[PDB]
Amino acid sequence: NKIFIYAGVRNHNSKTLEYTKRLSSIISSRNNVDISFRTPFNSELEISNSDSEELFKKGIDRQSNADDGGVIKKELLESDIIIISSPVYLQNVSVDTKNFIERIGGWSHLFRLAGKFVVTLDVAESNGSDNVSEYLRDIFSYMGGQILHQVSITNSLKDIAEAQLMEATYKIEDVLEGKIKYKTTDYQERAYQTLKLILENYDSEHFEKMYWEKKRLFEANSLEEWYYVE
């Protein structure tokens, strides 16, 4: 299937990039897949400068058509699996990882990643791994993606890095083999019910509300039902 990978790092000697490349190599060496590997080195994503009003109320995004933002969104929507990797810089995601996320912020309340499987990878010296994995988990999960697996590599436990990447590969293979099917979590279902109540009182011209109506997100008992019934 199609696998989209993005590593948010600009350091030429990045260990995050190295491990991410290693992961990609393992997957393709064991499976016949179409991988799209993107980084700040081969993809240009200008820093997000959008305004809440235009972005959410009007659904306007002028940047994506000016750089690689557009093609990235297309590949994301066309992928079966998404792999996001980030270095741990000052106990937080890297600048490029944060920008990647802000560049798709418009999907924050649209569950556009519903049906996709997300794998996260973060690399640190010895701390901050948990805060980064948790932030990535929450963001992509909120967007509707299923967190298939998360990996945190640390120099402290570098000897298990290969084994950790191999374990991620096994999870991915279960998806490629059709052994794992998209399933929403309680956290996601609650987020769904919560957002619906808010968007229900929004103006009829509000882009997000119109999107929900057009996608029939309102006429559904749950997020999982919506996905499999619509």
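Note that residue numbering begins at 1 and tracks the sequence as displayed.
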Item to check | Mean C-alpha B-factor comparison - 85-93 and 114-122, higher one | outcome: 114-122
Item to check | Of 19-27 and 209-217, the one with larger mean CA B-factor | outcome: 209-217
Next on the checklist: Per the entry's Cα B factor values, which of 175, 168, 60, 47 stands out as the maximum?
Outcome noted: 60
Checklist entry - From 99, 155, 141, 152, which pick has the Cα B-factor that tops the rest in the entry? => result 155
Checklist entry - In terms of the CA temperature factor given in the entry, to which third of its chain does residue 179 belong: lowest, middle or highest? => result highest
Checklist entry - Hey, what third does residue 229 fall into on Cα B-factor, ranked over its chain? => result highest
Next on the checklist: Can you tell me whether residue 146 has a C-alpha B-factor in the lowest, middle or highest third compared with the other modelled residues of the same chain?
Outcome noted: lowest
Item to check | Chain third (lowest, middle, highest) by recorded CA B-factor, residue given as residue 54 | outcome: highest
Next on the checklist: Please say which third, lowest, middle or highest, residue 42 falls into when its CA temperature factor is compared across its chain.
Outcome noted: middle
